[PDB]
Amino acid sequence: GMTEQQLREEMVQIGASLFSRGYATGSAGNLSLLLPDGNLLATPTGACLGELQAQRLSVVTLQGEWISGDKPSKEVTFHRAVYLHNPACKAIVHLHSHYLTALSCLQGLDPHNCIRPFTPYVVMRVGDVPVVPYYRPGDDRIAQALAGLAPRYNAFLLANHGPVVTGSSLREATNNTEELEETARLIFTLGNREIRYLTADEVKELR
């Protein structure tokens, strides 16, 4: 079990690692994780993941009450929706990472499972990835969709937006996010070449 010290510390470090390696650019992205007391540690509003301050990270209750730190990111609203309908979720990584965001802008995505597996690792660690329709940023329908999907899915693709990825810790959610982004990137790299997709039996083996 990690303390609030190390959790605040981990959040700053993970933010910097994501920013320096291109997963987050500019003002985009936010991180959250459950604290020991059941409250939420989150990156503050208008923040840059490469410039986080452990001391000023937001703390909010799952019901939306602001507890300490700078005012939370406005997207923490739909972070909470996930926590409130999945007790296994201890941390959420939300990014506009390039290829997962690209995938989110495509027409004709399978809304229940937008990544057709050709590598085993997303299946083992994440599972299927549903798609939330596009809505104006701040729309309550975003959080509503996530609350309904959270009991069955460990990650979510917000159409015309980007991924929302859960995990049993912040580092595990970050690893899940990096695995997802790498898989989305492989989609665009493979392009229209003939892909050796995983067979139906090969996908069932990985659960």
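Sequential numbering from 1, following the sequence displayed.
Higher average CA B factor: 83-91, of the stretches 96-104 and 83-91. Looking at 31-39 and 176-184 together, the entry lists the larger mean B-factor for 31-39, computed on C-alpha atoms. Of the candidates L149, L158, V165, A47, it is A47 whose Cα B-factor is highest according to the PDB record. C114 sits in the lowest third of its chain by CA B factor, as recorded in the PDB entry.
Per the deposited record, the Cα B-factor of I195 falls in the lowest third when ranked against the other modelled residues of its chain.
In the deposited entry, the Cα temperature factor of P130 places it in the lowest third of its chain's modelled residues. Sort the modelled residues of the chain by CA B factor and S20 lands in the highest third. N154: CA B factor lies in the lowest third for its chain, per the PDB record.
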